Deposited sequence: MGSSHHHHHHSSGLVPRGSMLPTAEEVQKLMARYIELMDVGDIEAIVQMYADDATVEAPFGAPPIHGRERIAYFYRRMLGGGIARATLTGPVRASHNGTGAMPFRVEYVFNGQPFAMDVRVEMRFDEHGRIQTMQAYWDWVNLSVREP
């Protein structure tokens, strides 16, 4: 019932694809109704699709130039995966961990941030 390591690799690759073109609505679509986003990890957690959109509206909603992987997408056999990327508007480096539910949607996301 959980996404395979291969499905996780395609889901996380799709995430980067949409971040890089500033596709807010399609990113929010990847989240489960009651998902949690901890980005940056340590800041107040974001609960539910409406508030998670505010975060992507805040991150992409004035426009983005590019977002690109800086290493392999790593997937578990447990419906989770991890990938490092760099965003550009200005610049920031991000290490993201995602857990998927049995429907292929993001239940939880943690992003570790680094200043460029």
Deposited-sequence stretches lacking C-alpha coordinates, listed in sequence order: 1-19, 109-114, 142-148
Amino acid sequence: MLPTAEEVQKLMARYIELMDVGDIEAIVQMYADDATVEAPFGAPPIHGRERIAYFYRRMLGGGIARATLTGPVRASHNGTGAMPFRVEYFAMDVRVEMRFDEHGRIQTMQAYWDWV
From here on, numbers count along this sequence of modelled residues.
Greater mean Cα temperature factor according to the PDB record, 31-39 or 59-67: 59-67
Mean C-alpha B-factor comparison - 12-20 and 103-111, higher one: 12-20
Chain-wide C-alpha B factor ranking for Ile52, given as lowest, middle or highest third: lowest
Entry-reported Cα temperature factor of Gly81, expressed as the chain third it lands in: lowest
Third of chain Cα B-factors occupied by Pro72: highest
